[PDB]
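Before any comments, here is the structure.
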Ligand SMILES: Nc1ncnc2c1ncn2[C@@H]1O[C@H](COP(=O)(O)OP(=O)(O)O)[C@@H](O)[C@H]1O
Ligand SMILES: Nc1ncnc2c1ncn2[C@@H]1O[C@H](COP(=O)(O)OP(=O)(O)O)[C@@H](O)[C@H]1O
Ligand SMILES: Nc1ncnc2c1ncn2[C@@H]1O[C@H](COP(=O)(O)OP(=O)(O)O)[C@@H](O)[C@H]1O
Ligand SMILES: Nc1ncnc2c1ncn2[C@@H]1O[C@H](COP(=O)(O)OP(=O)(O)O)[C@@H](O)[C@H]1O
Ligand SMILES: [Mg+2]
Ligand SMILES: [Mg+2]
Ligand SMILES: [Mg+2]
Ligand SMILES: [Mg+2]
Ligand SMILES: [Zn+2]
Ligand SMILES: [Zn+2]
Ligand SMILES: [Zn+2]
Ligand SMILES: [Zn+2]
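Protein chains in written order, with the authors' numbering: chain A, 150 to 267, 277 to 402, 411 to 446, 464 to 528, 542 to 602; chain C, 150 to 267, 281 to 402, 411 to 527, 543 to 606; chain B, 150 to 267, 278 to 405, 410 to 446, 465 to 528, 542 to 605; chain C', 150 to 267, 281 to 402, 411 to 527, 543 to 606. A prime marks a further copy of an entry chain.
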């Protein structure tokens, strides 16, 4: 167990993970100079858990932190510890941490943690991990980062405060994100001037960083195979087939549905501000609830208006919307005719009341539906622009959207 | 869990399924050394779904694959998870796969997969499926005679994306199965398995294995050392078809599904139709399969799908003037879809974009029924307009069907095209 | 199972929880020296149940009691027991208590008890029951358990001889938030502009966990900019952060809650058979008239809402439930209805839809009448209503000879 | 089952129940040597039913009897049989009595006897009761605060044919109970149990034992060796009555039951009335007791019994103009009897001699409700005619009741006679 002798990486080498980079920048500030936190009692987490599917750059990330703070990086694999003789596992964990302390500040990284953080010698090995986590002085500038695509496997003792109580979700990249990852893995290659990375991004939905690096490589091998000294656009185009889904008709629909939720939310006075759209309170008032119900129905409202047809897409929204309305009527005393009474809780009321409840509930949801439809029809052109962008980029930010709603 | 200690089997021991053996020979080549495929990027399926009626050797083939690759075989049963306490189901799925990997390469078999694939237990299954590395030499196989009941999420790519249909065996296939289960039995000279295969129409492997045992018993009863032909003749009658007027109806029912599906604009492409009593290759079954390609479905798609479902019955009524029990399952499926349109998808006129479900009044209960009946009826009457309008094509397709029994690929498409060009 | 290896704490580390601390003082003295009680046969409970929302310091109090008594503390989580294989749970409980006895006096603390005490879970719990019944209080063992989900507990756990004593741990009001900040600040360098009062006042809804995190987020903001002191701006900004990471009460909402609570207060006072009202805070044989009064008061918060703001909020949902429980009980049990007569309707309903319909009407009529009567009262005493709210928004909690007199000067 | 290993108790340890001790001193004389009674044919009861509210020392007395006769004591709990699987209940009753006889003479105690005496489990109990030989020195004792709920078959002669009522203790009785639970405790000189008894109205034994413990705890908390008077004062407030306008109402309610019962021709003789908060000696409770004398009951008897049940409420309304929750249990009992008349006894006009019970239509459900309401209402209005007609007597009975609190025997009868002669 020694400082990794692999190539230095920084955040300049990670594409499509800005949210995560931002969370890790404070960890980097800390490794470069722990005293700035220590002297005012700013406590950092001892363990950070990176969650995400394979090849999304969980490891890259860990390595970038180390490289950016210019600090050693210990890379361990959790699948190493399975299958060990009796005791050997604990002893390795002990030695790992002993080393980490000799070399602090530093990052200790445990890949595929689920493999050890899960019924025999694993107990021993894991218990030791737990003891060492509890054991080390954060102030020393030690941070253990851990990665998994399988977080529901993990022994909850690992996620307890003082341990791995910071999770950072690392998702598959959107279209811009994939464009950046191509930039990165292309830095050092000879590209022809016809290579359009945006188009390649557009044509690689679902690809993760690991897939894109592969694609670039297949591009390069293709040109090389043919005795050429620049990689061209036809090479990347051909490559994509090599490293290899959802209709474009279906993409359209999803986009309008999502744009729908967003437009209504924005327009409705009490809506929830929209932080992001993607195609991959304590007290609450009557008006608040109606504005939310209405937003909830916008997806469907936008399908009906734009396509005339409706899809199964809004099943969950309808359930949600209905639930709210039933609650307004039976628990929150917010109905016209039924009064400030609690109807139900099962069913402790008559068929006459059962029927009134259904009318009121129907009345509320129908009224909200229509309202959503008016908003969509009223803002059709901007809905269309939003969709126009959303289809291209896959995700769009609120500030942008509110803008387009000029 | 602990791998099967049941006697190893090879394809040597499976008769009447040469088509299926074919497709699985690759899997065996993979299990024996996954490195040859790995090295050049040959990506195998993570899941294979065995479809066919009971006693057709689904379980057998699975084990034949495992024996043929001399790899361990985990047999799990689908009905062993239903009925379990809170969580037990998931943790058993967990354990399953934990074992699978420790013994890779290996085959995990999940019989009666419909039992689990109709919350927690499945969700877990799904996550394991996508969680394991194909390249480690793990292939999960599953069987079902109820493919129509499975959650469409199981058939998504990266899961049970390939499926093999295992049919009841015809006369020649029955003879082979008889020969296999008679290998280590003492036959009289007079015994002619040929005639026995001919005289056992409809029998599957399981039933034939059973007939054979019943023959042995007749011999033993009398204290004899050779099983005679009389013993086989007599046995058939202990275990105990279709008429050339009933053949017709089946023909018209299946043609029906075909014609409506072709004509209706959102219909499911038709790749094969068949009148083999219970082959799961028929279109009648296919129509009952869950959508594996799309996530979204539109109201018109459903109306078209509904109308195809009722095409078999539409045909029977138009052509025969009455109706048979044949369409029970189509009716049940049609009705589920209607209810779902109305109570979950908000696809009804009068009921609005509301989720109903019971949570609601008699007065609503009644509108729902009215609305569901309306949809199915209109769809039924559409199917009949179509049948009548395309009666000649219907007649022509039956004529062939009666003769050929099963129409499959490039040939099926010539005929639908000639007929609807 | 071993005693915890975390830092020993005391009541010097708990803030805003004086009532809970006072009930727990007995326990501390016991654990310091059980003989003192055993000497005169003062029987202590075997189990104390701490009830309250997440992050209010249920775990902290328990630790605080152990720390104050300088006795070992076993920290167990109920969430560990569910999901376990056949038997392993029972055997764990058995080990857990074996150790308890070998380290006694001591505290065994079971967080999230509702996870075990809501096949196999049955056995696991059964085993708990056995051990509880099975240990000698005299030997200085106390089992404490936490939950914010008490209604979900099996009543077997609450039997005498088991978890037969409960302490409720409330969320902190202004002054309590103030103290929690001072505590989590003891050892940190604050700028001279930092006013924890103001920050207290801006963090209604915040529990101890929330505030401690607040302070750490303030520290991280200073540290990130390389500053050697935490400033007011850091706390102010931190609030907005803790929020968007994982409920503050808005000022608009504070307003509504105030009127709601002031409403109950006003109606209760005015109504002849009202329940004396000892405190307001933002955070046998009864007669019909008594019941209509009680009903009227229960609806006062909602009435104050409707009258003052026009709108109504989800905030009266439980009051509505309770009011309805009362009206049904008047109609279906006490024979206090106009038209339904002196009959017991129900006991589970054993009556026609025709009656069920009359009942709903009669229950609706009672509640509606009391609600309107609540509004007549609010409107009639809008002035005093407004004065009570004004004060309440200043202090958040009004109590004692101070609430005593406010109600007098006003009525 | 195995006899109690709990500390032996004597009457020395039971305070405030001298009346009950009296009646049980005979039982003790019997247990110590059943031969003295046997020899001259003195037949003792086979069952004694202890009635009173919880924490009044019912269980205690049972054990006091057993300790005082130095005989074994089997404590069974009624709620231990409900919830048991098919048969388990009976076989446990069997075992119980099998043990009883092997250890005779002895006392079998069955707490919460209502729990079992509201099929198989009771039926078995009944047969054992009558199955065992009194003369073998076996007396079964049972307790309940719910005598009204018991099957009248338990109170039949040869069973629990004698019952003792245990009341909450008045001030003097509370003082004694305090003195007992303080015997082996270290009291400060200033401690005056007198004042404590006076300041604890309504407290039962259980509650007083508890107050005492709470005092000890206050001492221990502060590390003190004597429990002080402040400690008792403070304790009361930790554990925590009737008004002279509420006293009135209770008075009028109980008078009510009395007046209607006397006037109504089939009424249950009235032996005592009482306003002690919850003495089970009140007529209000008595009326709720099951008929132990007769097997048959006639429709008019029930109507009269129903009318007496509503007399308490009739009184409240007539005299006060409104009504209180006081009559909830009377209403519930009245209604059960009405339903029973209509759905089981065939005692309704419109419904005929039919058993309804649910097994029947909404349309019947409705007539039943109409009919039940009719009966109870008519009976209620009869009770009011009576109250109003006998208002003066009602007033007179209250006057006494307010003063004396409990009227018992020869005296009660003088006054009812003077008043209704
Ligand atoms: N976001 C990314 N930006 C740039 N390269 C990436 C990214 N994600 C993955 N890659 C490339 O693919 C390789 C595999 O990524 P890895 O860190 O092993 O992913 P994970 O740890 O999630 O399995 C990385 O070394 C990197 O070169
Ligand atoms: N194709 C076949 N050839 C020979 N024997 C067969 C065949 N199919 C089934 N059998 C016999 O009958 C049994 C079929 O049962 P099973 O394996 O459960 O098939 P399924 O999964 O289709 O129900 C086998 O165990 C085998 O003994
Ligand atoms: N009343 C309080 N005073 C000081 N700190 C508190 C308080 N309540 C919570 N905390 C802080 O937040 C943490 C709360 O966690 P915990 O005690 O687990 O709450 P609970 O058990 O109610 O969920 C404590 O460790 C403490 O640091
Ligand atoms: N009359 C009494 N005198 C002294 N102590 C009593 C008396 N009644 C009850 N107690 C105390 O309180 C407890 C009463 O509980 P229990 O025996 O169950 O009575 P019950 O059967 O009426 O509930 C007794 O165990 C005893 O310690
Ligand atoms: Mg990886
Ligand atoms: Mg089968
Ligand atoms: Mg908690
Ligand atoms: Mg009792
Ligand atoms: Zn949606
Ligand atoms: Zn069909
Ligand atoms: Zn309220
Ligand atoms: Zn009464």
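Backbone N, C-alpha and C define an ideal beta-carbon position, used for all residues, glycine too.
Can you tell me which of the options puts its alpha carbon nearest to the alpha carbon of residue i?
i              : options                       : result
residue 490/C  : 449/C, 435/C, 506/C and 426/C : 426/C
residue 234/C' : 282/C', 544/C' and 253/C'     : 282/C'
residue 563/B  : 319/B, 577/B and 474/B        : 474/B
residue 272/C' : 551/B, 547/B and 553/B        : The residue list of chain C' ends a segment at 267 and starts the next at 281, so residue 272/C' has no coordinates to report.
residue 286/C  : 596/C, 365/C, 237/C and 465/C : 237/C
residue 179/C  : 522/C, 151/C, 348/C and 253/C : 253/C
residue 471/A  : 433/A, 484/A, 313/A and 488/A : 433/A
residue 284/C' : 251/C', 231/C' and 300/C'     : 231/C'
residue 561/A  : 518/A, 578/A, 227/A and 212/A : 518/A
Is residue i near ligand 4, judged by its Cβ being under 7 Å from some heavy atom?
i              : result
residue 371/C' : yes
residue 367/C' : yes
Whose Cβ in chain A lies nearer than 8 Å to the Cβ of residue i?
i             : result
residue 545/C : 550 and 554
residue 522/C : 558, 561, 562 and 565
residue 157/B : Within 8 Å Cβ-Cβ: nothing; residue 157/B doesn't reach chain A, min ~15 Å.
Looking only at its chain, what residues have a beta carbon closer than 8 Å to the beta carbon of residue i, apart from the 5 residues adjacent to it on each side?
i             : result
residue 529/B : The model contains no atoms for residue 529/B, which sits in the stretch where chain B goes from 528 to 542 directly.
Tell me which same chain residues have a C-beta within less than 7 Å of the C-beta of residue i, skipping the five on either side of it?
i              : result
residue 494/C' : 419 and 486
residue 204/C' : 366, 367, 368 and 369
residue 378/C' : 347 and 389
In chain A, what lies closer than 7 Å to residue i by C-beta?
i             : result
residue 466/C : 416, 419, 494, 495 and 496
residue 120/C : Missing from the structure shown is residue 120/C; chain C here goes from 150 to 606 and no further.
So is the beta-carbon of residue i under 7 Å away from any non-hydrogen atom of ligand 10?
i             : result
residue 500/C : yes
Which residues in chain B sit within 7 Å of residue i, going by Cβ to Cβ distance?
i             : result
residue 238/C : What residue 238/C touches in chain B: nothing, since even the nearest Cβ is about 12 Å away.
residue 230/C : Under the 7 Å cutoff, chain B gives no residues; its nearest Cβ is about 15 Å from residue 230/C.
Residue i touches chain B at which residues, Cβ-Cβ below 9 Å?
i              : result
residue 422/C' : Here the premise fails: no neighbours, minimum Cβ distance about 12 Å.
At a cut-off of 7 Å, would you count residue i as near ligand 5, judging by its Cβ distance to the nearest heavy atom?
i             : result
residue 208/A : yes
Cβ of residue i within 7 Å of any heavy atom in ligand 3?
i             : result
residue 323/A : no
What I want to know is whether the C-beta of residue i ends up closer than 7 Å to one or more non-hydrogen atoms of ligand 11.
i             : result
residue 425/B : no
Say whether the region 584-604 of chain B touches the region 417-426 of chain B, bearing in mind that this needs 3 or more beta-carbon pairs closer than 8 Å, one atom from each stretch. yes
Touching by the beta-carbon criterion (3+ pairs, under 8 Å), the region 293-305 of chain B and the region 181-199 of chain B: yes
Measuring CB atoms only, is the region 163-172 of chain C touching the region 324-338 of chain C, in the sense that at least three cross pairs come out at less than 8 Å? yes
Three Cβ pairs or more, each shorter than 8 Å: is that satisfied between the region 465-481 of chain B and the region 560-576 of chain B? yes
Segment contact flag, the region 302-311 of chain A with the region 339-352 of chain A, C-beta cutoff 8 Å, min 3 pairs: no
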